[PDB]
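Take a look at the structure below.
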Amino acid sequence: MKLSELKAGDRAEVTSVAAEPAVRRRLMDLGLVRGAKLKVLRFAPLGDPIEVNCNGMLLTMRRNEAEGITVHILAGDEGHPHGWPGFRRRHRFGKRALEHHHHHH
């Protein structure tokens, strides 16, 4: 689910951010990381950008950036609360497999 798929006043926790390496870094340096809780304050009077209150900090980013961001709703309501199978079992070949060599080669 996208961060852009939220509502004005919605409450979500960031699970993953798919964006520019520098942008994701910038956001995470602010505090928008996995586990960051944010409230969607408002979208601009036209559609973009979006103002979100993340961990107390008002972070302003572009709607297309919010599309890259996957969030989890901080509201366990009903009305079909289960979607795709990736919360109890999540397996896909990916990630930097060699988790050690970042400065080498």
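As shown in the structure tokens, the chain order sets the letters A, B, ...; within each chain, residues go from 1, and ligands are also counted from 1 in the order they appear.
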List the spatial neighbours of residue 11 (chain A) as JSON, numbers by chain - criterion: any atom at most 8 Å away, only C-alpha atoms, same-chain residues fewer than 6 positions off excluded. {"A": [37, 38, 39, 40, 73, 74, 75]}
By how many Å are CA of residue 104 (chain A) and CA of residue 27 (chain A) apart?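 Here the two named atoms are 26.1 Å from each other.
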Please run DSSP on the backbone and report, as an mmCIF file with N, CA and C atoms, in the first residue's frame, all residues within chain A that come out as helix (DSSP H, G or I).
```cif
data_model
loop_
_atom_site.group_PDB
_atom_site.id
_atom_site.type_symbol
_atom_site.label_atom_id
_atom_site.label_comp_id
_atom_site.auth_asym_id
_atom_site.auth_seq_id
_atom_site.Cartn_x
_atom_site.Cartn_y
_atom_site.Cartn_z
ATOM 1 N N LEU A 3 2.075 5.201 0.411
ATOM 2 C CA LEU A 3 1.914 6.339 1.301
ATOM 3 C C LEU A 3 0.958 7.345 0.661
ATOM 4 N N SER A 4 0.969 7.367 -0.665
ATOM 5 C CA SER A 4 0.086 8.227 -1.443
ATOM 6 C C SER A 4 -1.352 7.689 -1.447
ATOM 7 N N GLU A 5 -1.530 6.439 -1.020
ATOM 8 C CA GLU A 5 -2.857 5.824 -1.011
ATOM 9 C C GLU A 5 -3.571 6.088 0.308
ATOM 10 N N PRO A 21 18.175 6.763 -3.918
ATOM 11 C CA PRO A 21 19.045 6.408 -2.800
ATOM 12 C C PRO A 21 19.334 7.611 -1.911
ATOM 13 N N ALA A 22 19.481 8.773 -2.536
ATOM 14 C CA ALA A 22 19.727 10.006 -1.806
ATOM 15 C C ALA A 22 18.458 10.500 -1.118
ATOM 16 N N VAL A 23 17.315 10.263 -1.752
ATOM 17 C CA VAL A 23 16.039 10.719 -1.221
ATOM 18 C C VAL A 23 15.641 9.873 -0.023
ATOM 19 N N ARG A 24 15.759 8.563 -0.178
ATOM 20 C CA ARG A 24 15.476 7.635 0.902
ATOM 21 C C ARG A 24 16.390 7.925 2.088
ATOM 22 N N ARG A 25 17.656 8.188 1.792
ATOM 23 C CA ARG A 25 18.628 8.564 2.809
ATOM 24 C C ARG A 25 18.178 9.843 3.510
ATOM 25 N N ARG A 26 17.837 10.860 2.719
ATOM 26 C CA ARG A 26 17.407 12.151 3.245
ATOM 27 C C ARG A 26 16.205 11.991 4.171
ATOM 28 N N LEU A 27 15.231 11.204 3.730
ATOM 29 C CA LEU A 27 14.026 10.963 4.510
ATOM 30 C C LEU A 27 14.354 10.209 5.793
ATOM 31 N N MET A 28 15.247 9.233 5.693
ATOM 32 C CA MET A 28 15.596 8.408 6.840
ATOM 33 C C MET A 28 16.486 9.176 7.808
ATOM 34 N N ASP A 29 17.292 10.086 7.270
ATOM 35 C CA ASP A 29 18.092 10.982 8.099
ATOM 36 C C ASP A 29 17.186 11.899 8.911
ATOM 37 N N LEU A 30 16.028 12.229 8.345
ATOM 38 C CA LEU A 30 15.033 13.019 9.052
ATOM 39 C C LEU A 30 14.386 12.176 10.136
ATOM 40 N N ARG A 63 4.330 13.692 -4.241
ATOM 41 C CA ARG A 63 3.368 12.600 -4.327
ATOM 42 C C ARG A 63 3.983 11.362 -4.979
ATOM 43 N N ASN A 64 4.815 11.579 -5.991
ATOM 44 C CA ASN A 64 5.465 10.472 -6.684
ATOM 45 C C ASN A 64 6.424 9.741 -5.747
ATOM 46 N N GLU A 65 6.965 10.464 -4.769
ATOM 47 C CA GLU A 65 7.834 9.864 -3.767
ATOM 48 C C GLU A 65 7.004 8.992 -2.832
ATOM 49 N N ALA A 66 5.803 9.469 -2.515
ATOM 50 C CA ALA A 66 4.881 8.741 -1.648
ATOM 51 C C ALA A 66 4.397 7.453 -2.304
ATOM 52 N N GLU A 67 4.343 7.450 -3.629
ATOM 53 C CA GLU A 67 3.994 6.250 -4.379
ATOM 54 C C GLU A 67 5.040 5.159 -4.175
ATOM 55 N N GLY A 68 6.301 5.562 -4.161
ATOM 56 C CA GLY A 68 7.382 4.627 -3.915
ATOM 57 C C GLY A 68 7.382 4.077 -2.499
#
```
Between CA of residue 7 (chain A) and CA of residue 43 (chain A), what distance in Å does the model show, to one decimal?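 CA of residue 43 (chain A) lies at a distance of 8.9 Å from CA of residue 7 (chain A).
Closest approach to residue 33 (chain A) among A:69, A:1, A:97, A:8 is made by A:69 (distances from only C-alpha atoms).
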Among chain A, which residues carry a DSSP assignment of strand (DSSP E or B), reported as a ChimeraX atom specification? /A:2,11-17,37-43,50-54,57-61,69-73
Just to be explicit: take each residue in the selection above, keep N, CA and C atoms, and write the result as a short mmCIF file (atom, residue, chain, number, x, y, z; two decimals), in the first residue's frame.
```cif
data_model
loop_
_atom_site.label_atom_id
_atom_site.label_comp_id
_atom_site.auth_asym_id
_atom_site.auth_seq_id
_atom_site.Cartn_x
_atom_site.Cartn_y
_atom_site.Cartn_z
N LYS A 2 0.55 2.20 -0.86
CA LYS A 2 1.34 3.41 -1.00
C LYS A 2 1.08 4.39 0.13
N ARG A 11 -3.27 7.37 9.49
CA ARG A 11 -2.15 7.05 10.37
C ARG A 11 -1.46 5.79 9.86
N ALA A 12 -0.19 5.90 9.53
CA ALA A 12 0.52 4.76 8.98
C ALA A 12 1.93 4.67 9.53
N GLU A 13 2.50 3.48 9.43
CA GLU A 13 3.89 3.26 9.78
C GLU A 13 4.64 2.78 8.54
N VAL A 14 5.74 3.44 8.23
CA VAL A 14 6.52 3.11 7.04
C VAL A 14 7.14 1.72 7.16
N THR A 15 6.89 0.89 6.16
CA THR A 15 7.46 -0.45 6.13
C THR A 15 8.65 -0.52 5.18
N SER A 16 8.56 0.20 4.07
CA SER A 16 9.64 0.23 3.09
C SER A 16 9.52 1.45 2.18
N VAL A 17 10.65 1.98 1.74
CA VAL A 17 10.68 3.15 0.87
C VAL A 17 11.42 2.83 -0.42
N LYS A 37 6.32 6.35 12.37
CA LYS A 37 4.89 6.58 12.41
C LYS A 37 4.58 7.99 11.94
N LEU A 38 3.67 8.12 10.99
CA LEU A 38 3.36 9.42 10.42
C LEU A 38 1.87 9.59 10.19
N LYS A 39 1.41 10.82 10.31
CA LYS A 39 0.04 11.17 10.00
C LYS A 39 0.02 12.03 8.74
N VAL A 40 -0.77 11.61 7.76
CA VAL A 40 -0.94 12.41 6.55
C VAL A 40 -1.75 13.65 6.88
N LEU A 41 -1.08 14.78 6.96
CA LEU A 41 -1.73 16.02 7.35
C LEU A 41 -2.64 16.51 6.24
N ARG A 42 -2.04 16.79 5.09
CA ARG A 42 -2.79 17.30 3.95
C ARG A 42 -2.03 17.09 2.66
N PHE A 43 -2.78 16.98 1.59
CA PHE A 43 -2.22 17.08 0.26
C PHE A 43 -2.33 18.54 -0.14
N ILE A 50 2.71 16.43 -0.79
CA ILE A 50 1.99 15.93 0.37
C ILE A 50 2.72 16.30 1.66
N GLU A 51 1.97 16.76 2.66
CA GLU A 51 2.55 17.08 3.95
C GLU A 51 2.22 15.99 4.96
N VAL A 52 3.25 15.33 5.48
CA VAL A 52 3.05 14.27 6.46
C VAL A 52 3.79 14.58 7.75
N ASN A 53 3.13 14.34 8.87
CA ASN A 53 3.76 14.53 10.17
C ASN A 53 4.36 13.22 10.65
N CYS A 54 5.67 13.08 10.48
CA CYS A 54 6.35 11.84 10.77
C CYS A 54 7.18 11.95 12.04
N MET A 57 7.84 15.31 13.31
CA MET A 57 8.41 16.23 12.34
C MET A 57 7.54 16.32 11.10
N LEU A 58 7.25 17.54 10.67
CA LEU A 58 6.46 17.74 9.47
C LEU A 58 7.33 17.62 8.24
N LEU A 59 7.19 16.51 7.53
CA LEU A 59 8.02 16.24 6.38
C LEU A 59 7.23 16.48 5.10
N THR A 60 7.78 17.29 4.22
CA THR A 60 7.12 17.60 2.96
C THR A 60 7.84 16.92 1.81
N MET A 61 7.12 16.07 1.09
CA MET A 61 7.70 15.34 -0.03
C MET A 61 6.70 15.28 -1.18
N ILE A 69 6.69 4.76 -1.60
CA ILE A 69 6.70 4.38 -0.19
C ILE A 69 5.55 3.45 0.14
N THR A 70 5.87 2.33 0.77
CA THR A 70 4.88 1.38 1.22
C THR A 70 4.64 1.57 2.72
N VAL A 71 3.38 1.68 3.11
CA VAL A 71 3.05 1.92 4.51
C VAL A 71 2.13 0.84 5.06
N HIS A 72 2.10 0.73 6.38
CA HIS A 72 1.17 -0.14 7.07
C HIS A 72 0.21 0.71 7.90
N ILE A 73 -1.08 0.44 7.77
CA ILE A 73 -2.10 1.22 8.45
C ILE A 73 -2.09 0.95 9.95
#
```
